[PDB]
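This document starts with one chain, in the form deposited in one PDB entry, laid out as structure tokens.
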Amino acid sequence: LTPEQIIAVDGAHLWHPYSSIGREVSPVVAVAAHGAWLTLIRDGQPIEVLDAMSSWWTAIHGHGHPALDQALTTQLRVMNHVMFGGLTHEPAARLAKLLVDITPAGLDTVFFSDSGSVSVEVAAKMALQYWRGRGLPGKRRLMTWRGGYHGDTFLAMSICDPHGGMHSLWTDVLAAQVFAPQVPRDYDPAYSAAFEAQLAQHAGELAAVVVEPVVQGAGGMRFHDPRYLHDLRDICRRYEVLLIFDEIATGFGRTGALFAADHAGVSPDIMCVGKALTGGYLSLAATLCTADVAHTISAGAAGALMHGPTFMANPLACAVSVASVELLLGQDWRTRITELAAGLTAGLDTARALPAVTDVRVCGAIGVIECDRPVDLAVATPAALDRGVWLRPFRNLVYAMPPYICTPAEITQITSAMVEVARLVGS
């Protein structure tokens, strides 16, 4: 199909995410991706632009990395997929061993699934089944703080920010969960004391606290002091409420630590990972839990964990994930991310002086220009493309989560485009 043909079929038959159909955006045709770069069709002509978004925060080693391509083709040659019901295999074993070794201590059990939203559903199921296994089925609600996002399936939606979150129109049909106020950027003991007070009054009906550690992504690219996670861990411990960290966006080095929990030295009872898990090649996610959680879940009268995605532990997805994680661990990723952060900080600093900019902030390989108004994609997208960068703002944010392989020059091209988008926003 020609780009023309692709656009026609697309307009007629494809529903895009977070969109209407008809009077929708109008997507740009992508025809190739290599390293940090996408080949897009603009006015009938192919242009090369930097994938500043890492393809929604997944392509940490860039596209078509030789190690990941090879890992995929090697597995393809021997075994594409077998059912995980009754069978196991090397890629599943290798990936699970890697995951339990690099995640916060105590997470020794791995349940694979096909997507981040599903892994969150699995996390909640683990938490609820845990308490059923202890003969306390009243412990069935979740608690979180505002500003959060945990995916788009219906249980996941129930812990999305109920007022400004993308799922706010659904609140009347969602499970009603417990929400603490927005966690602040700077550490304030009074906030943690209030969180504890609120949790204490609901402790008998709470299965778990569920939060994104350090960085809240889709809810506003907000950062908070890691010490709050230390307080959550302690509160949950004392009141016997499970602690769940959703690291689907923060995992695999993105915030400057291997996992954002590591900024706090905290181990949750349950953890979700996804997105950058496969290096952005294929859909895969995982839910990890402690031995105590795993063993209790089938205690009393609860029985087996009745979850089993058809493509659970897919050998192809697991094999590229093994390669992606090994590639990350086999380099000095900590210095790499530090250099990326310094580059983002340096390149975004001029945005602070722009009239429509309210904040500039960087955490690891995350760079954010917060604006005083919602960012118009119709203006932003071509402005970024004109400067050789693929950017997709959302809410009032011009942000990047670039591939780890970006050179300092490429980072400066990305930040330059961001600043120019923000400049255009304010005029």
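Note that residue numbering begins at 1 and tracks the sequence as displayed. Think of the rigid core as the biggest set of C-alphas that the two forms share within 1.5 Å after superposition.
Beyond the structure shown, there is the form deposited in another entry, which is absent from this document and is the topic of what follows.
S.K.: To test your reading of the superposition: with the rigid core aligned, which of 136, 200, 174, 299 moves its Cα by 2 angstroms or more between the shown form and the other one?
M.R.: If I go through the list carefully, the shifting residue is 299.
S.K.: Under a superposition restricted to the rigid core, does residue 219 display a Cα displacement of 2 angstroms or more between the shown form and the other one?
M.R.: No; that C-alpha moves by less than 2 Å between the shown form and the other one.
S.K.: After superposing the rigid core, is the C-alpha displacement of residue 343 2 Å or more between the shown form and the other one?
M.R.: Residue 343 C-alpha, core-superposed: shift of less than 2 Å.
S.K.: Determine whether the C-alpha of residue 253 shifts by 2 Å or more between the shown form and the other one once the rigid core is superposed.
M.R.: It does not reach a 2 Å shift.
S.K.: Given that the distance between the C-alpha atoms of residue 111 and residue 300 changes by 3 Å or more in the other entry, do they end up closer or farther than here?
M.R.: Residues converge in the other entry, at least 3 Å closer.
S.K.: With a change of at least 3 Å, which way does the C-alpha separation between residue 166 and residue 384 go in the other entry: closer or farther?
M.R.: So the answer is farther.
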